[PDB]
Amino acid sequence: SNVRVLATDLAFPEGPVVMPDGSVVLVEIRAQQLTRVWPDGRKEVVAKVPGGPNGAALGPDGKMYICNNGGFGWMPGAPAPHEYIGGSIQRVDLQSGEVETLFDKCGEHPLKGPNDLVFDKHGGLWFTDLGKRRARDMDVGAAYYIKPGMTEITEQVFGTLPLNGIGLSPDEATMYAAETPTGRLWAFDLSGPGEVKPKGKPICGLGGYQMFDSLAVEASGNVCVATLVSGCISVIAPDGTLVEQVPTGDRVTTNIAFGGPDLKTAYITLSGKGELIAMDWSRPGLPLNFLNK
């Protein structure tokens, strides 16, 4: 595990997407932008994304899809009314910087705090809703699926505590969602693309005072979840076994993504230190659709 710092002075980094050349496109939630970090050290702003760009994934159209949580109040906190512009799913052209909003509601219900997302092999898009915190109450968590072609958005999970990381098993027959305040990883069986069958179960619950953020799946099927408070990556087997916890040095470790040769480099956002780091990983990551395969 040779650790290296790839970038500093990032304004709450999140949603790393590791390109084939080893460059990383990621979101800076606090600076409200999409940023490109190159291996020669240089950084460039790809696009300004007003609000709270929270997670990213490359899509079948070659554009970067974004979970926009609508904005926080800044370490993040509950957004004062004016700092919140509504949650949405957006799309950014990595060549012009043009930002287009795709969805801001599901049925008659506005999206609250979209957080992270993952494409299935047909181009359907899964994403989590962390909800928003208000003065005396908070939204419940949810997970949504947007049908291939961006034709329809559907509610698949609703009424958990806030949901954060999301991924698919290698065979894409199981969707995983990380429940933030409980440090529980939930597994949902899929009867087919975009459709949960009964709605799921927690396969791992960490002890103590540990919370979950975003995640990435390994080719083995293990789920690697950024773990807040204790500051590590929690590696969870498909059967829920806690395989290991890899310390990162930051209590606010938020996301992980695999890249490099054989997808055996882990790229991790340390959102407390404002850093993007890379780390040797003993096993290869799961190739993401429309990025790695």
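Residue indices: 1-based, along the sequence shown. Note that the rigid core is defined as the largest set of C-alphas that superpose within 1.5 Å between two forms.
- Two stretches, 236-244 and 38-46, are weighed by how far their CA atoms sit from the shown form in 4 other deposited structures of this protein after rigid core superposition; the farther one is 38-46.
- Two stretches, 197-205 and 218-226, are weighed by how far their CA atoms sit from the shown form in 4 other deposited structures of this protein after rigid core superposition; the farther one is 197-205.
- Going from residue 198 to residue 199, the model skips 4 to 9 deposited residues, which lack coordinates.
- According to the record, 4 to 9 deposited residues between residue 74 and residue 75 are left without atomic coordinates.
- Just going by the entry, 103-111 versus 79-87 on mean CA temperature factor gives the higher value to 79-87.
- Averaged over CA atoms, B-factors in the entry run higher in 32-40 than in the other of 32-40 and 51-59.
- For the set 67, 229, 256, 243, the maximum C-alpha B-factor listed in the entry falls on 243.
- Of the candidates 94, 146, 177, 130, the PDB record gives 94 the highest C-alpha temperature factor.
- In the deposited entry, the Cα temperature factor of residue 171 sits in the middle third of values across the chain's modelled residues.
- Ranked against the other modelled residues of its chain, the C-alpha B-factor of residue 20 as given in the entry falls in the middle third.
- Split the chain's modelled residues into thirds by C-alpha temperature factor. Residue 272 is in the highest one.
- Among the modelled residues of the chain, residue 285 sits in the middle third by CA temperature factor in this PDB entry.
- The deposited CA B-factor of residue 191 belongs to the highest third of values across its chain.
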